[PDB]
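Here the structure is laid out as structure tokens; the discussion comes afterwards.
There are 2 protein chains.
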Amino acid sequence: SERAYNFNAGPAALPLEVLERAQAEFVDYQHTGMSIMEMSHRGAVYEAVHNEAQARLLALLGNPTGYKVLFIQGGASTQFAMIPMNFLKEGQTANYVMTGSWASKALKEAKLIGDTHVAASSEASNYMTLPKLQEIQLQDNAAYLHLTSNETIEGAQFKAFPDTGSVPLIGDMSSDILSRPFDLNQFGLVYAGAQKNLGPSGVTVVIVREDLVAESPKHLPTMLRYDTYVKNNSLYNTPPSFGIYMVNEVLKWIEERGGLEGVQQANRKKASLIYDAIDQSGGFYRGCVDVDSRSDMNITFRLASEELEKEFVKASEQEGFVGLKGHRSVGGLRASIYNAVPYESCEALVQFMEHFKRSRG
Amino acid sequence: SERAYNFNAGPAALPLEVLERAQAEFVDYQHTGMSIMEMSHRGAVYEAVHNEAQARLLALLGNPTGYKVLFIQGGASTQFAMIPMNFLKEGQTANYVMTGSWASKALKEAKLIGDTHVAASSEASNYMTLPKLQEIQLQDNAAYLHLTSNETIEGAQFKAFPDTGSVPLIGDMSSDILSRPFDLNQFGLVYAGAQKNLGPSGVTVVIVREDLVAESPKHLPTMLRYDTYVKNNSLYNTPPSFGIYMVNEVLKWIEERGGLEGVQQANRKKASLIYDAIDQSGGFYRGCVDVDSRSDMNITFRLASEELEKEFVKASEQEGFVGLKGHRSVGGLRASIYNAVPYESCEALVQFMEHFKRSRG
Ligand SMILES: *Cc1c(COP(=O)(O)O)cnc(C)c1O
Ligand SMILES: *Cc1c(COP(=O)(O)O)cnc(C)c1O
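Top line first, the protein sequences correspond to chains A and B.
Converting from the first sequence to PDB author numbering requires adding 1 to each position, the first position being numbered 1.
Converting from the second sequence to PDB author numbering requires adding 1 to each position, the first position being numbered 1.
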């Protein structure tokens, strides 16, 4: 019954209220004598949940029109392949903004499908300085422009997105979707593994401009065509029904929290406390990206040595913290502070950080 | 009680004991102060569950060696493409045993990838008579022989599998995996969406002979290569962690029910009760498949007219039954009686069949 101070990066914290709600009806959903997990995906009870989740997500975004919410299995990683498979034609280039680890994974899959183009890159800065929007330049034969809204491993995040005109803009928002208002109409496609900022694992949310996916390439595996999901409302085959049920519950909670403006305000407050702890640390803590590139979802920082960082992690685990060790490719520390991470976890972290600084520095 | 008499064909019943166990630790798993849904897929707690599920599955099968249990998203429908993508090379032919609706789906997908051959077919019997194993004719260039162990829509099920020599045998066991002992060594690969007989929707279990997937075709998207899953223990990206946790719980329950021999005996007793009710009804109820093809997982039967079937299903719903109308492509009725469907549901069904009959025909 004490809750861990959970800073896991993915899967990650869920709202305690959502866990309590789901637990209470886990065996018997609405006196039907079945769990939601045991019901037909083509029955009216599940279909209501499946359709409600889509409607609530669009409503959180201000009810843009012309977009379909799809639920696809396979994680954001499968979208790295499915996007160029569906949109990259011979003679075109899949254009990427290269901001760090997840942009790199995305470009990797596109290179297997066709020609690609790096439209902008922060590699020269070791991904610490995001490209300004002015630096993004598309090749003329661009099929699309793909960016990563929040680079979960490096701790960098775009505050705004480019206008790409008639080229579809595609965003991997896995680690920041529904953390903040954005205008969906800038995008032809946004996607997110649900387990980062929504919390359930096994479902990827893909929100796509219907006009972009009316006819998918006919040589593709059925399950890798977007029109399979559009034409069948993500029910062509059995969906991840418990995951979608849990997404529905999380969307209700976001609405209760004041929608995207409310969670944004709450997350800015959380992030501000922790960045202030780094920025007022006497050099004991240092951030891992430039101030103007800082993420409000994944705060990355370093100590003077790897040995100190190991010590910090170990001590933090003894005090109830989970997940603060940075991803292994980059080291350091990473405090993931997705919507459902409570401010009290962040206050505890800053207190811990003050103690460790005082005793080890 | 209050449990519905759940004959849904997929997603389908879970054991009540599994649902209660999962519910009880849904908010706080083993005093970690997190739900299993909030933990890292690379943390030792989840990794233990992930690895335990594989070990328990293999132990239920008698601990065959040289096989890897993989957890892949996308359902059995994604395996319809992933199998030929990985094993169908130029100059080879993917051979299919064509037994009905799900074999047909599998073959259709393979044709998108490469050359195919129908090695046997029960089309002339409208898939009501399984092909005898001696009817299977491969050509020398066969990449594999794929069969469907249980044809979920038609109600037909193989009791025994062919020896295919050096050609790998692949089985879609979505609707009967772990309902019965079988010798895994006959197979190169077996797969199943978990949602019929292993747990909830959103994980596909793929059990593959390691030597068949040592080197997957390197032109494939990373997520569509089996060696991605083998090399990374199905943790290359975020797995369907709650679904795998639930599969682990179901595997525990199968062992507690006496393992595969125990669930086989239970399911034969369920199936025998319902086949007897059909057979003994003086034609009021009529089994669809020929007797030697009868499935113990999905029992398909007809009344005199579809309107009458509709009446039967509607009458069954006020008695707590769900799921009995047959798939729309074949009509009739279908009692899906996977491992977790209790005998008590089947007894209730047979009593209902008698009461329905009595007022009518
Ligand atoms: C975690 C993550 C991914 C990978 O998601 P999976 O569901 O594990 O495939 C993709 N992009 C970003 C930005 C991520 O944080
Ligand atoms: C349900 C079923 C499938 C399809 O499974 P999905 O997970 O929905 O893709 C495939 N094969 C058989 C035998 C089935 O019963």
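Each residue gets a CB set at the ideal place from its N, CA and C atoms; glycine is no exception.
For residue i, three-class secondary structure by DSSP
i	result
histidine 42 of chain A	coil
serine 122 of chain B	strand
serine 242 of chain B	helix
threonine 79 of chain A	helix
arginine 295 of chain A	strand
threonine 229 of chain A	helix
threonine 165 of chain B	coil
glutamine 31 of chain B	coil
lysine 90 of chain A	coil
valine 342 of chain B	coil
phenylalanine 353 of chain A	helix
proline 12 of chain B	coil
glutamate 26 of chain A	coil
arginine 329 of chain A	coil
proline 85 of chain B	helix
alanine 272 of chain B	helix
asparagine 234 of chain B	coil
Residue i - partner residues in DSSP beta bridges
i	result
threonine 205 of chain A	A:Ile73 and A:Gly194
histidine 147 of chain B	B:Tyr97 and B:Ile171
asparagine 7 of chain B	B:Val323
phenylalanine 313 of chain B	DSSP lists no partner for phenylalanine 313 of chain B.
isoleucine 300 of chain B	B:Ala336
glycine 288 of chain B	B:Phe302
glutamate 152 of chain A	A:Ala157
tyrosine 68 of chain A	A:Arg210
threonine 117 of chain A	A:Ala95
Near ligand 1: residue i beta-carbon under 7 Å from a heavy atom
i	result
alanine 278 of chain B	no
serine 242 of chain B	no
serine 176 of chain A	yes
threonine 149 of chain A	yes
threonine 153 of chain A	yes
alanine 77 of chain A	yes
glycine 324 of chain A	no
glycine 156 of chain A	no
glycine 203 of chain B	no
residue 1 of chain A	A question about residue 1 of chain A goes unanswered here, because the residues of chain A that appear run from 2 up to 362.
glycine 34 of chain B	no
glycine 67 of chain B	no
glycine 189 of chain B	no
Where residue i falls, given that 16 or more other Cβ within 10 Å makes a residue buried
i	result
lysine 326 of chain B	buried
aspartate 173 of chain A	buried
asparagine 233 of chain B	exposed
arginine 329 of chain B	exposed
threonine 100 of chain B	buried
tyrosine 145 of chain B	buried
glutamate 155 of chain B	buried
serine 306 of chain A	exposed
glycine 362 of chain A	exposed
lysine 197 of chain B	buried
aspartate 297 of chain A	buried
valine 119 of chain B	exposed
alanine 60 of chain A	exposed
Closer than 7 Å: residue i CB and nearest ligand 2 heavy atom
i	result
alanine 267 of chain B	no
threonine 239 of chain A	yes
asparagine 299 of chain A	no
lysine 197 of chain B	yes
residue 377 of chain B	There is simply no residue 377 of chain B to check, as chain B begins at 2 and stops at 362 in what is shown.
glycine 200 of chain B	no
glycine 44 of chain A	no
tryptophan 103 of chain B	yes
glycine 288 of chain A	no
Taking contact to mean at least 3 C-beta pairs separated by less than 8 Å, is the segment 20-33 of chain A in contact with the segment 203-211 of chain A?
-> No: the two stretches stay apart, fewer than three of their Cβ pairs being nearer than 8 Å.
Is it true that the segment 268-279 of chain B meets the segment 347-359 of chain B, where meeting means three or more beta-carbon pairs spaced less than 8 Å apart?
-> As far as the Cβ criterion goes, the segment 268-279 of chain B touches the segment 347-359 of chain B, which means the pair count is three or higher.
Contact between the segment 240-247 of chain A and the segment 103-112 of chain A: three or more CB pairs below 8 Å?
-> Output reads no: the segment 103-112 of chain A does not touch the segment 240-247 of chain A.
Stretch pair the segment 121-128 of chain B + the segment 263-270 of chain B: three plus CB contacts closer than 8 Å | Fewer than three beta-carbon pairs drawn from the segment 121-128 of chain B and the segment 263-270 of chain B are found closer than 8 Å, and the two stretches are therefore not classed as touching.
Should the segment 215-233 of chain B be called in touch with the segment 312-319 of chain B, which here means at least 3 C-beta pairs below 8 Å?
-> Flag = no, the segment 215-233 of chain B and the segment 312-319 of chain B do not touch.
Are three or more beta carbon pairs between the segment 4-15 of chain A and the segment 25-45 of chain B nearer than 8 Å?
-> The segment 4-15 of chain A, when compared against the segment 25-45 of chain B, does touch it at the 8 Å Cβ threshold.
Count the CB pairs spanning the segment 86-98 of chain A and the segment 58-74 of chain A that are closer than 8 Å, and state whether there are at least three.
-> Flag = no, the segment 86-98 of chain A and the segment 58-74 of chain A do not touch.
Can you find at least 3 beta carbon pairs, one from the segment 336-351 of chain B and one from the segment 176-186 of chain B, that sit closer than 8 Å?
-> Counting Cβ pairs under 8 Å, three or more are found: they touch.
Taking 8 Å as the threshold, find out whether the segment 69-87 of chain B comes into contact with the segment 183-196 of chain B through three or more Cβ pairs.
-> Verdict: yes, contact present.
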